[PDB]
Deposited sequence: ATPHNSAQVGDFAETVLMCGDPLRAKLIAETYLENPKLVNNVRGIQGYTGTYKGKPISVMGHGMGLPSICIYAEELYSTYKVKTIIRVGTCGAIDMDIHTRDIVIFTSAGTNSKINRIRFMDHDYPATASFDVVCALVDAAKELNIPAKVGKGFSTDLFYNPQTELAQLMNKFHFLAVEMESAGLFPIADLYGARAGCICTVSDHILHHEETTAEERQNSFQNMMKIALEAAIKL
């Protein structure tokens, strides 16, 4: 149906969970979904559709970086009529009070990318997670009573950032963690009147040197439950 998706309208649930690693999406589909069916594997993206507690739910990879997720997200909302996209994955901690294995729920994401300025007449577009999704994720976390930090994330275009002072600058402003897609996902959802959100498990701290499964499983519980609530 699209240059990056062989599936047809209806093959995807209205709620899709996405992570960068296609093998993680495969794992997620085999571990948490019932009767997972491979609906798209163009570029080995591992797009599946199954059910969770009886409700349709899809999981698919989105690659690394804003340009990548921008391709997948826009096609999902536009062609497959998806309504909600929840980004699930790992991230690097920025804030000194954020530790490895911590779970973070993004209220929004800053970025050093030019994509949003291109879409917003060179002005400041606040890549903001859909309030419904942020609420669904936080309520799920509260109901499951799983500690989670809510706040700003940063989507960098440079995993290996030349601007070494940026890290401390973000710490001063209390950005929670760094990843590479949220800032791109959020504005696309707005344009399509759809919804998006993001939750990550800190797998490393960029300001200093500091089991990882429990944290990842807890994050998945939150995303899945929130998905049902939505």
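K.L.:
According to the record, which stretches of the deposited sequence lack C-alpha coordinates?
P.N.:
Sequence range with no C-alpha atoms is 211 to 215 alone.
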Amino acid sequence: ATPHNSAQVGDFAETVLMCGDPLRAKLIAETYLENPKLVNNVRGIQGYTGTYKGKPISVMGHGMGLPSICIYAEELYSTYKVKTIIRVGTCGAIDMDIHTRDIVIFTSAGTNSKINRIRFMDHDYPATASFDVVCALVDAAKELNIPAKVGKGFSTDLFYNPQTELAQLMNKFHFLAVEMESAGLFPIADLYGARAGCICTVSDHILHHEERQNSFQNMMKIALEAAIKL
From here on, numbers count along this sequence of modelled residues.
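Whichever C-alpha set is largest while still superposing within 1.5 Å between the two forms counts as the rigid core.
K.L.:
Overlaying the structures in 6 other deposited structures of this protein on the rigid core, point out which of 45 to 53 and 201 to 209 has the bigger RMS C-alpha shift.
P.N.:
It is 201 to 209 whose C-alphas lie farther from the shown form in 6 other deposited structures of this protein.
K.L.:
Averaging C-alpha B-factors over each stretch, which comes out higher, 166 to 174 or 31 to 39?
P.N.:
Comparing 166 to 174 with 31 to 39, the higher average CA B-factor belongs to 31 to 39.
K.L.:
Hey, which bit's got the bigger mean C-alpha B factor in the entry, 198 to 206 or 61 to 69?
P.N.:
Comparing averages over the C-alpha atoms only gives 198 to 206.
K.L.:
Go through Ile118, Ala127, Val133, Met96 one by one and give the residue whose Cα B-factor in the PDB entry is largest.
P.N.:
Out of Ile118, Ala127, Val133, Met96, the record gives the largest C-alpha B-factor to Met96.
K.L.:
Using the temperature factors of the C-alpha atoms in this entry, rank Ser182 within its chain: lowest, middle or highest third.
P.N.:
It falls in the bottom third of the chain.
K.L.:
Lowest, middle or highest third of the chain for the C-alpha temperature factor of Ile85?
P.N.:
Its C-alpha B-factor, which the entry lists for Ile85, ranks in the lowest third among residues of this chain.
K.L.:
Taking only the Cα B-factors deposited for this chain, tell me whether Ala227 sits in the lowest, middle or highest third.
P.N.:
Ranked within chain, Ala227 CA B lands in the middle tercile.
K.L.:
Once the chain's modelled residues are ordered by C-alpha B factor and cut into thirds, is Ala109 in the lowest, middle or highest one?
P.N.:
Lowest third - that is where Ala109 ends up once the chain's C-alpha B-factors are sorted.
K.L.:
Please place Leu144 in the lowest, middle or highest third of its chain by C-alpha B factor as given in the entry.
P.N.:
CA B-factor rank for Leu144: highest third.
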